[PDB]
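What follows is a short report on a single structure.
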Amino acid sequence: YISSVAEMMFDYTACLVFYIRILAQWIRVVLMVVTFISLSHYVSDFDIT
Amino acid sequence: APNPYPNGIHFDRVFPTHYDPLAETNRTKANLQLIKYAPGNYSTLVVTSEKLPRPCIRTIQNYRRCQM
């Protein structure tokens, strides 16, 4: 579109998307931690008498 | 054996568990590294008295007898 204000909005999305591709992957690190903690909680609380 | 009457007294080993005897129906087993429960799983509160020595009792009997 000839409107610079219109493209200005579509360009902000592309710049946001440019970073979301990166930051959204740190949720993978959250899973690996949460999954690693749940195992430690099961082992540390495992039965020993 | 019945579930022991709820008793909040407990002893921690590794970390504070915040044991609540009212949060579970059956009391979970005591793991060595987690908790030790209070003594007397099946116990009540009573009042008792020691029995004085026999020779001390005979001196008390002789005093009352000589008294009356």
Side-chain angles (χ1 to χ4, degrees):
Chain A
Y1 311 105
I2 61 181
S3 180
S4 59
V5 176
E7 300 298 346
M8 186 193 297
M9 313 309 297
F10 289 78
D11 287 77
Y12 286 146
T13 58
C15 186
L16 265 288
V17 172
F18 183 65
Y19 283 97
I20 298 299
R21 294 175 194 272
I22 299 296
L23 309 180
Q25 305 306 331
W26 282 97
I27 300 184
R28 303 184 186 274
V29 183
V30 169
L31 267 65
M32 296 195 289
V33 169
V34 171
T35 306
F36 181 77
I37 296 303
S38 59
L39 179 59
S40 304
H41 169 80
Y42 188 81
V43 172
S44 64
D45 295 68
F46 194 81
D47 310 76
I48 185 66
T49 63
Chain B
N3 277 313
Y5 188 76
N7 186 346
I9 298 302
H10 66 284
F11 308 102
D12 303 86
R13 323 308 229 180
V14 173
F15 64 87
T17 56
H18 303 300
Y19 169 70
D20 183 8
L22 307 178
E24 59 179 353
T25 297
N26 306 318
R27 196 177 73 173
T28 170
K29 64 170 72 64
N31 299 133
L32 280 168
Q33 80 293 18
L34 295 180
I35 198 178
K36 177 173 70 181
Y37 292 118
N41 298 346
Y42 312 97
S43 57
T44 59
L45 176 61
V46 306
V47 70
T48 188
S49 176
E50 286 290 347
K51 200 154 62 184
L52 296 184
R54 183 173 293 164
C56 180
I57 286 173
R58 297 287 154 82
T59 53
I60 296 165
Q61 295 175 334
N62 190 311
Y63 178 84
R64 297 186 68 215
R65 189 176 63 199
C66 190
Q67 192 183 30
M68 63 172 68

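Letters A, B, ... mirror the listed sequences (proteins, then strands); counts begin at 1.
Side-chain atoms of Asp12(B) come within 3.5 Å of backbone atoms of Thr17(B) as a donor-acceptor pair (strictly under, hydrogens ignored).
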Below 3.5 Å, can you tabulate the donor-acceptor pairs from side chains in residues 14-34 of chain A to any protein atom, sequence neighbours excluded?
residue: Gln25(A); atom: OE1; partner: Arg28(A); partner atom: NE; Å: 2.3
residue: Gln25(A); atom: OE1; partner: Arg28(A); partner atom: NH2; Å: 3.1
residue: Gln25(A); atom: NE2; partner: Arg21(A); partner atom: O; Å: 3.3

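Side-chain contact check for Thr59(B) versus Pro55(B): every heavy-atom pair is 4.5 Å or farther apart.
Summarising the geometry of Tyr42(B) relative to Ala1(B), their closest heavy-atom pair is OH-CB, 3.2 Å, with the distance given to 0.1 Å. Residues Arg13(B) and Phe11(B) approach most closely at CD-O, 3.7 Å, considering heavy atoms. The heavy-atom pair separating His10(B) from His18(B) by the smallest distance is NE2-N, 4.3 Å. When every heavy atom of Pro6(B) is checked against every heavy atom of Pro21(B), the shortest pair comes out as CB-CB, 3.7 Å.
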| task | Begin from the C-alpha positions of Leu34(B) and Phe15(B) and carry the test side-chain contact (heavy atoms from CB on, under 4.5 Å) through to its verdict. | result | CA-CA 7 Å; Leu34(B) 295 180; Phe15(B) 64 87; 3.7 Å; yes
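One finds the OG1 atom of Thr28(B) at 8.5 Å from the CD1 atom of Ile35(B) (value rounded to the nearest 0.5 Å). Distance check: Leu22(B) CG to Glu24(B) CD gives 10.0 Å after rounding to the nearest 0.5 Å. Taken from OG1 in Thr49(A) to CD in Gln33(B), the straight-line distance is 10.0 Å, to the nearest 0.5 Å. Atom CG of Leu32(B) sits about 6.5 Å away from atom CD1 of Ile48(A), to the nearest 0.5 Å. If you take OG1 on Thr25(B) and CG on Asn3(B), they are separated by 8.0 Å, rounding to the nearest 0.5 Å. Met9(A) CE to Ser4(A) OG: the interatomic distance, rounded to the nearest 0.5 Å, is 11.5 Å.
With sequence neighbours left out, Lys29(B) forms a salt bridge (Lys or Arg N to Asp or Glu O under 4.0 Å) with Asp47(A). Take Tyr37(B) and apply the ring pair (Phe, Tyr, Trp, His ring centres under 6.0 Å) test, not counting sequence neighbours, and it matches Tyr19(B).
Within a 6.0 Å sphere centred on CD of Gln67(B), other residues, nucleotides and ligands contribute more than 12 heavy atoms.
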